[PDB]
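Listed next as structure tokens is one chain, alone, in the form solved without this ligand.
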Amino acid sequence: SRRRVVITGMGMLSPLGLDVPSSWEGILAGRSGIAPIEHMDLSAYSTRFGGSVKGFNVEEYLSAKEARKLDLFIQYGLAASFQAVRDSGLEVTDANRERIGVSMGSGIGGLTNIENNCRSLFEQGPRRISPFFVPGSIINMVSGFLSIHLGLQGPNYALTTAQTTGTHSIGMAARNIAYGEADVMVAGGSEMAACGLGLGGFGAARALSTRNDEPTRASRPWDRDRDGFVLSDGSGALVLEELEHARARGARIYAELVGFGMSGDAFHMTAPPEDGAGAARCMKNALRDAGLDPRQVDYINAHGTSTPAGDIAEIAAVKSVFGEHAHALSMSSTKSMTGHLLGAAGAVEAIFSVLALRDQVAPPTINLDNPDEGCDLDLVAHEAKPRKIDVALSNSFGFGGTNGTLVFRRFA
């Protein structure tokens, strides 16, 4: 028998807010966080908008001198991590520091910093590269810096599974705890790929919406006029904790993490199978892991990226796993409002699923004006829907056909 894993702290930066409550208020209000990007010249680019973190002050977390050593994706991950630990009320001691670890990841990592160092290298040569370039850019430095700042000596690692990172990081941190390798883990993801190589890279593959004239309507999952995903920045972190450890210190418990599934499509480098067969195996794996019947699922936070192929494949997977119950559950994409935070998408979407359980409200899919052929489920179009939610599922699918599913249940 495994130990049980509960959520006792959450932290976030998103295009809707600098913490969880501000973000969640934007989610329930149906607000968009998408705007034209201000921090660079995008004249030559086919996409000029995305979800930026507005008003972030790294000096609430680090000295200006510490912060100069670290890429934005690392600053964002540290901010979500410090928020989640504070939110949990956990006290790190000599008695428990070896039982507390970190799994914070990223899809694309230190693109901005690499881009800024390339400028210096071609302009002036290698003498102008920062001494902190390597440690300040590598994906495991959110886990490393957090562990150094807080004295965490438990398992210390980072996942990178592109758009699935946040979901895999959380699920494998839950495994660490379930099988007794740690009592507490800080887990999630962070991303800041709005540089030329990000917008340019995804733009070259024709993956991005180009609705430059109306950025707030660009992200429209399952709508007949969708034209690709919206690139967004930010971070999510959750304090995962063994149940008996949480109860002993009187921790506030948001929800229980009951299931985790993984699968590979083994199909294509960027496209899903049109029946979403890998996403179907993943969800069934997560439900078998939790000991749940499909009929017990009330709410799905979809991957729902606003791509032609992805959105439909996910409807097919849900119809196949849930049969008739596909028309009773509610499913929405919060990416209609946040855009796609890539490696952080699963971390902020885990937090939205947990708060959907806490508040007993399904977040809306905004911009769902004309649902496409076969998109006939309850996708919570336009407006938040209060409803009963005992079980919430969160899905992430990524480049390489790598899939993750998390199942959260109410804890009483």
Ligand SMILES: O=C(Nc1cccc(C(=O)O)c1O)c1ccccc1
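For every residue, the number given is its place in the sequence shown, counted from 1. Throughout, rigid core stands for the largest set of C-alpha atoms superposing within 1.5 Å between the two forms.
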query: 315 to 323 against 122 to 130 - segment lying farther from this form in 4 other deposited structures of this protein (CA RMS, rigid core fit); finding: 122 to 130
query: Stretch with larger C-alpha RMS deviation in 4 other deposited structures of this protein, core superposed, 40 to 48 versus 339 to 347; finding: 40 to 48
query: Stretch with the greater mean C-alpha B-factor as recorded in the entry, comparing 342 to 350 against 381 to 389; finding: 381 to 389
query: Given 267 to 275 and 234 to 242, the range whose Cα B-factors average higher in the PDB entry; finding: 267 to 275
query: From 101, 198, 304, 77, residue of greatest CA B-factor; finding: 198
query: 146, 72, 184, 193, ranked by C-alpha B-factor: the highest one; finding: 193
query: Ranked C-alpha temperature factor of residue 117 among modelled chain residues, by third; finding: highest
query: CA B-factor ranking of residue 220, expressed as a third of its chain; finding: middle
query: Residue 129 by Cα B-factor - lowest, middle or highest third of the modelled chain; finding: highest
query: Chain-wide C-alpha B factor ranking for residue 107, given as lowest, middle or highest third; finding: lowest
query: Entry-reported Cα temperature factor of residue 322, expressed as the chain third it lands in; finding: highest
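The same protein also has a form deposited with this ligand bound, omitted here; what follows describes it.
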| property | result |
| --- | --- |
| Heavy atom within 4.5 Å of this ligand in the deposited bound form - residue from 327, 288, 86, 252 | 86 |
| Contact residue in the deposited bound form, chosen from 150, 292, 243, 258 - any heavy atom within 4.5 Å of this ligand | 150 |
| Contact segment among 56 to 64, 368 to 376, 381 to 389, 348 to 356, judged by heavy atoms lying within 4.5 Å of this ligand in the deposited bound form | 56 to 64 |
